[PDB]
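**Student:**
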Amino acid sequence: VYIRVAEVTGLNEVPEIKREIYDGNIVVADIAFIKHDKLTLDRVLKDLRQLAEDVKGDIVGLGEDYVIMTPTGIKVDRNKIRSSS
Amino acid sequence: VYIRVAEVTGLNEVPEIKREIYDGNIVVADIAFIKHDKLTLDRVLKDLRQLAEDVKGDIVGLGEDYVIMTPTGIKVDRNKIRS
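Residue numbers (the entry's author numbering), protein chains in the order written: chain B, 37 to 121; chain A, 37 to 119.
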């Protein structure tokens with residue numbers, strides 16, 4: 037397993053993200069660039085959500101600008117680590 | 037293996053980050069809180085870099101606000117997926 041970072045600027049990064057997930061790797065995708073091209077953003081996120089369903093993987097937003105995508109059998113624990121105090 | 041996000045406000049989240057890494061889990065740490073308090077940042081980073089070395093995991097910046105930390109056996113491929 038490795039983690040790879042994607043700089044998502046349009047629909048042309050989706051096929052390589054799919055390939056990494058199918059390879060059992062984790063992708064953290066930067067969507068900052070297309071946050072204001074909502075049509076393009078919606079299509080990408082539709083594709084990446086369908087991918088997660090197709091592989092029984094997970095997909096979780098990370099702040100405003102990133103999405104974390106995991107392959108089969110790797111989940112995101114949604115309870116954050118916070119101050120012990 | 038799972039991934040867990042950490043909200044790193046100070047020195048008090050480092051013990052739990054270490055526990056997750058030792059356990060074989062991945063941590064994505066949001067360091068935006070302490071990014072501009074460079075002494076605190078260097079203390080936290082020294083601790084997390086030492087942990088990465090110790091377990092032969094990895095640690096790499098994700099843009100400005102985040103650090104991705106990986107356990108033994110898991111690397112971060114620094115070549116990005118780009119157009």
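All C-beta atoms in this analysis are idealised placements derived from N, C-alpha and C, irrespective of residue type, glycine included.
1. Starting from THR76(B), follow the alpha helix (DSSP H) in both directions and report where the run begins and ends.
2. Hey, how far is the Cα of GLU43(A) from the Cα of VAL64(A)?
3. Output the boundary residues of the beta strand (DSSP E) element that contains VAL112(A).
4. Three-state secondary structure (DSSP) at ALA42(A)?
5. Quick test of the definition: if touching needs 3 or more C-beta pairs under 8 Å, does the region 64-77 of chain B touch the region 95-107 of chain B?
6. Could you give the distance in angstroms between the alpha-carbon of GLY60(B) and the alpha-carbon of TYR38(A)?
7. Here's the rule I'm using: 16 or more other beta-carbon atoms within 10 Å means buried, otherwise exposed. How should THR106(A) be labelled?
8. Sort out for me which residues DSSP pairs residue 24(B) with in a bridge.
9. Going along chain A in order, which residues have a C-beta closer than 9 Å to the C-beta of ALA88(B)?
10. Among all the DSSP beta bridges, which residues are the ones paired with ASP94(A)?
11. Given that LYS116(B) touches chain A, what residues does it touch there, using C-beta distances under 8 Å?
12. May I ask you to report which of helix, strand or coil DSSP gives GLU100(A)?
13. Taking any Cβ of chain B, which residues in the region 93-109 of chain A have a Cβ under 9 Å from it, in chain order?
**Tutor:** The structure says:
1. Counting from one through the first sequence, the residue named residue 76(B) turns up at place 40. Where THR76(B) is concerned, the enclosing alpha helix (DSSP H) starts and stops at 74-91.
2. As a first step, residue 43(A) must be located in the second sequence, where it is residue number 7. As a first step, residue 64(A) must be located in the second sequence, where it is residue number 28. In this structure, the CA atom of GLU43(A) is about 9 Å from the CA atom of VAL64(A).
3. Within the second sequence, numbered from 1, the residue matching residue 112(A) stands at position 76. Run containing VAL112(A): 111-117, per the beta strand (DSSP E) assignment.
4. Here residue 42(A) is taken as the residue at index 6 of the second sequence, counted from 1. Reduced to three states, the DSSP call for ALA42(A) is strand.
5. Yes, the region 64-77 of chain B is in contact with the region 95-107 of chain B.
6. Sequence index remark: in the first sequence, residue 60(B) carries index 24 (1-based). Sequence index remark: in the second sequence, residue 38(A) carries index 2 (1-based). Roughly 13 Å separates the two Cα atoms.
7. The residue you call residue 106(A) lines up with position 70 of the second sequence. Taking every protein chain shown into account, the CB of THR106(A) has 16 or more other CB atoms within 10 angstroms, so this residue is buried.
8. Look at the range of chain B in this structure, 37 to 121, and you will see that residue 24(B) is not part of it.
9. Position 52 of the first sequence holds residue 88(B). Contacts between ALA88(B) and chain A, judged by CB atoms closer than 9 Å, are missing: the closest CB pair is about 13 Å apart.
10. As a position in the second sequence, residue 94(A) is number 58, starting the count at 1. Answer by DSSP bridge pairing, in chain order: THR106(A).
11. Here the question's residue 116(B) lines up with position 80 in the first sequence. Counting only Cβ-Cβ distances below 8 Å, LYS116(B) has contacts in chain A at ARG40, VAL41, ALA42, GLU43, in chain order.
12. Position 64 of the second sequence, counted from the start, is the residue given in the question as residue 100(A). In the structure shown, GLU100(A) sits in coil (DSSP, three-state: anything other than H, G, I, E or B).
13. Correct list: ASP94, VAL96, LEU98, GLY99, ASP101, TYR102, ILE104, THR106, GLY109.
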